[PDB]
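Here the structure is laid out as structure tokens; the discussion comes afterwards.
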Amino acid sequence: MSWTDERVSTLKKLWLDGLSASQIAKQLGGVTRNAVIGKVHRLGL
DNA sequence: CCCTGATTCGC
DNA sequence: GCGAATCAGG
């Protein structure tokens with residue numbers, strides 16, 4: 001439910017594949033599409 | 001209605 | 001650092 005290194009790795013892979021924030025949120029669990037978009041920004045993607 | 005990312009700022 | 005709740009649209 002937190003941005004572990006494992007979950008960040010998954011986010012980067014899926015985002016760089018072009019999956020939408022809601023899709024990634026559903027894959028990960030424990031986060032909304034808002035959380036995903038916020039994290040994408042803090043990662044500088 | 002379903003959906004998209006972007007931003008602010010209290011927490 | 002985190003993410004809800006707008007914003008701004010498709």
Side-chain angles (χ1 to χ4, degrees), chain A residues 2-45:
Chain A
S2 65
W3 289 110
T4 61
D5 288 350
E6 189 161 22
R7 285 167 59 87
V8 170
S9 186
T10 297
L11 169 64
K12 288 184 194 174
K13 176 182 68 175
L14 297 176
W15 189 256
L16 270 302
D17 280 349
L19 279 68
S20 79
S22 66
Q23 289 292 320
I24 295 171
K26 284 170 179 184
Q27 158 122 20
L28 290 170
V31 286
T32 65
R33 77 190 197 94
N34 301 312
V36 168
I37 290 165
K39 187 56 168 176
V40 165
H41 277 254
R42 292 188 300 275
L43 290 170
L45 309 175

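Below, each value reflects all heavy atoms present in this structure, side chains not excepted, and no hydrogens, waters or symmetry copies. All chains are named by letter (A, B, ...) in the order of the sequence lines, taking the proteins before the strands, and each is independently numbered beginning at 1.
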Legend entry - Between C1' of C/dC2 and CG of A/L28, the distance in whole Å: 15 Å
Distances for protein N or O near nucleotides 9-11 of chain B N or O, under 3.5 Å:
none

Name every donor-acceptor pair, under 3.5 Å, that has one atom in a side chain of residues 30-38 of chain A and the other anywhere in the protein, sequence neighbours excluded.
residue, atom, partner, partner atom, Å
A/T32, OG1, A/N34, N, 3.2
A/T32, OG1, A/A35, N, 3.2

Inset, instruction - Check whether any side-chain N or O of A/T32 sits under 4.0 Å from OP1 or OP2 of C/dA4, and answer yes or no. - result: yes
For residues 12-25 of chain A, which side-chain donor-acceptor pairs fall under 3.5 Å, sequence neighbours excluded?
residue, atom, partner, partner atom, Å
A/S20, OG, A/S22, OG, 3.2
A/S20, OG, A/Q23, N, 3.3

Legend entry - Near-strand residues of residues 37-45 of chain A, defined as heavy-atom separation under 4.0 angstrom from DNA chain B: A/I37, A/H41
Legend entry - CH2 on A/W3 to CG on A/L28, rounded to 0.5 Å: 5.0 Å
Restricting to nitrogen or oxygen on both sides, can you table the protein-nucleotides 5-10 of chain C pairs closer than 3.5 Å?
residue, atom, partner, partner atom, Å
C/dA5, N6, A/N34, OD1, 3.1

Inset, instruction - Pull out every residue in residues 14-21 of chain A that has a heavy atom closer than 4.0 Å to any atom of DNA chain C, ordered by number, or say none. - result: none
